[PDB]
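Raw contents of model.cif, mmCIF, C-alpha atoms; chains and numbers go by the auth columns:
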```cif
data_query
loop_
_atom_site.group_PDB
_atom_site.id
_atom_site.type_symbol
_atom_site.label_atom_id
_atom_site.label_comp_id
_atom_site.label_asym_id
_atom_site.label_seq_id
_atom_site.Cartn_x
_atom_site.Cartn_y
_atom_site.Cartn_z
_atom_site.B_iso_or_equiv
_atom_site.auth_seq_id
_atom_site.auth_asym_id
ATOM 1 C CA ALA A 1 0.000 0.000 0.000 0.00 1 A
ATOM 2 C CA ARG A 2 1.573 3.228 -1.123 0.00 2 A
ATOM 3 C CA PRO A 3 -0.020 6.637 -0.635 0.00 3 A
ATOM 4 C CA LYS A 4 0.506 9.950 -2.382 0.00 4 A
ATOM 5 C CA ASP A 5 -0.839 13.098 -0.702 0.00 5 A
ATOM 6 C CA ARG A 6 -1.064 16.303 -2.797 0.00 6 A
ATOM 7 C CA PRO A 7 2.151 17.334 -4.553 0.00 7 A
ATOM 8 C CA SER A 8 3.403 19.435 -1.591 0.00 8 A
ATOM 9 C CA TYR A 9 7.090 18.696 -2.168 0.00 9 A
ATOM 10 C CA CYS A 10 6.304 19.090 -5.754 0.00 10 A
ATOM 11 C CA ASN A 11 5.216 22.745 -5.119 0.00 11 A
ATOM 12 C CA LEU A 12 8.160 23.465 -2.853 0.00 12 A
ATOM 13 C CA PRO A 13 10.530 26.365 -3.670 0.00 13 A
ATOM 14 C CA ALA A 14 13.748 26.419 -5.623 0.00 14 A
ATOM 15 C CA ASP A 15 16.205 27.832 -2.988 0.00 15 A
ATOM 16 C CA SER A 16 19.699 28.264 -3.980 0.00 16 A
ATOM 17 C CA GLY A 17 21.364 29.516 -0.759 0.00 17 A
ATOM 18 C CA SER A 18 24.700 31.303 -0.583 0.00 18 A
ATOM 19 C CA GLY A 19 26.220 28.633 -2.543 0.00 19 A
ATOM 20 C CA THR A 20 28.591 25.860 -2.255 0.00 20 A
ATOM 21 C CA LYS A 21 27.911 23.536 -5.121 0.00 21 A
ATOM 22 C CA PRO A 22 26.137 25.511 -7.863 0.00 22 A
ATOM 23 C CA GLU A 23 24.386 23.215 -10.251 0.00 23 A
ATOM 24 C CA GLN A 24 21.313 22.919 -12.287 0.00 24 A
ATOM 25 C CA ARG A 25 18.680 21.072 -10.373 0.00 25 A
ATOM 26 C CA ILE A 26 15.067 20.547 -10.993 0.00 26 A
ATOM 27 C CA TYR A 27 11.844 21.315 -9.005 0.00 27 A
ATOM 28 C CA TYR A 28 8.126 21.343 -9.712 0.00 28 A
ATOM 29 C CA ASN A 29 6.611 24.601 -10.702 0.00 29 A
ATOM 30 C CA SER A 30 3.984 25.676 -8.305 0.00 30 A
ATOM 31 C CA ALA A 31 1.925 27.955 -10.600 0.00 31 A
ATOM 32 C CA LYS A 32 2.939 26.405 -13.904 0.00 32 A
ATOM 33 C CA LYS A 33 2.636 22.835 -12.800 0.00 33 A
ATOM 34 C CA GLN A 34 5.763 21.911 -14.724 0.00 34 A
ATOM 35 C CA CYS A 35 9.184 20.654 -13.627 0.00 35 A
ATOM 36 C CA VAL A 36 11.889 23.111 -14.337 0.00 36 A
ATOM 37 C CA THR A 37 15.366 23.617 -13.318 0.00 37 A
ATOM 38 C CA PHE A 38 16.600 25.890 -10.674 0.00 38 A
ATOM 39 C CA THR A 39 19.835 27.135 -9.620 0.00 39 A
ATOM 40 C CA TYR A 40 20.912 25.062 -6.701 0.00 40 A
ATOM 41 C CA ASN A 41 23.738 26.460 -4.824 0.00 41 A
ATOM 42 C CA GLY A 42 23.322 24.116 -2.012 0.00 42 A
ATOM 43 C CA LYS A 43 22.751 25.859 1.350 0.00 43 A
ATOM 44 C CA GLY A 44 20.424 28.492 2.699 0.00 44 A
ATOM 45 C CA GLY A 45 16.742 27.867 2.673 0.00 45 A
ATOM 46 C CA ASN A 46 14.675 25.289 0.834 0.00 46 A
ATOM 47 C CA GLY A 47 16.033 22.270 -0.721 0.00 47 A
ATOM 48 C CA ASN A 48 13.270 21.210 -2.985 0.00 48 A
ATOM 49 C CA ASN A 49 15.367 19.447 -5.453 0.00 49 A
ATOM 50 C CA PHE A 50 14.624 16.635 -7.766 0.00 50 A
ATOM 51 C CA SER A 51 17.902 15.595 -9.397 0.00 51 A
ATOM 52 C CA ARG A 52 16.335 13.189 -11.684 0.00 52 A
ATOM 53 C CA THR A 53 13.779 14.303 -14.130 0.00 53 A
ATOM 54 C CA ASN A 54 12.163 10.884 -13.649 0.00 54 A
ATOM 55 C CA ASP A 55 11.980 11.591 -9.918 0.00 55 A
ATOM 56 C CA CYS A 56 10.028 14.663 -10.558 0.00 56 A
ATOM 57 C CA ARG A 57 7.902 12.636 -12.879 0.00 57 A
ATOM 58 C CA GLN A 58 7.124 10.440 -9.836 0.00 58 A
ATOM 59 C CA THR A 59 6.242 13.282 -7.827 0.00 59 A
ATOM 60 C CA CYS A 60 4.821 15.637 -10.350 0.00 60 A
ATOM 61 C CA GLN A 61 6.052 17.225 -13.413 0.00 61 A
ATOM 62 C CA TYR A 62 3.052 17.982 -15.463 0.00 62 A
ATOM 63 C CA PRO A 63 -0.373 17.625 -13.813 0.00 63 A
ATOM 64 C CA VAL A 64 -2.091 19.164 -16.754 0.00 64 A
ATOM 65 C CA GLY A 65 -5.552 19.693 -18.011 0.00 65 A
#
```

Translate this structure into structure tokens?
Amino acid sequence: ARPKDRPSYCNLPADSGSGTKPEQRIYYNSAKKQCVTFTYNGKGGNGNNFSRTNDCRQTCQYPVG
């Protein structure tokens, strides 16, 4: 039995921080209901990061209509 509540982590913010390892990373767009990349610097603030496009697919990339 495996449950999935609303996106939540999907809608979580791209937060880069003050940087340490600056990379492209990928997070679910809140408004746009997409999965886009964000600048992930690696510290400060939120860490909503999906590093695998397929992992965001799991989660949520495109809940469309």

Specify as an NGL selection string each residue included when the PyMOL selection byres ((chain A and resi 48-51) around 6) is applied to this file.
:A and (12-14 or 25-27 or 46-47 or 52 or 56)

Using the chain letters and numbers from the file, give me the residues hit by the PyMOL selection byres ((chain A and resi 1-6) around 10), as a PyMOL selection string.
chain A and resi 7-11+58-60

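Across the structure, CA of residue 23 in chain A and CA of residue 54 in chain A are spaced 17.7 Å apart.
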
Between CA of residue 42 in chain A and CA of residue 30 in chain A, what is the distance in Å, rounded to a tenth?
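These atoms are spaced 20.4 Å apart.
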
Could you give me, as a list in words, the residues within 10 Å of residue 17 in chain A, counting all atoms listed in the file and dropping anything in the same chain fewer than 5 positions from it?
residues 22, 39, 40, 41, 42, 43, 44, 45, 46 and 47 of chain A

Translate the PyMOL selection byres ((chain A and resi 61) around 7) into a concrete residue list for this structure, as JSON, numbers by chain.
{"A": [28, 33, 34, 35, 56, 57, 59, 60, 62, 63]}
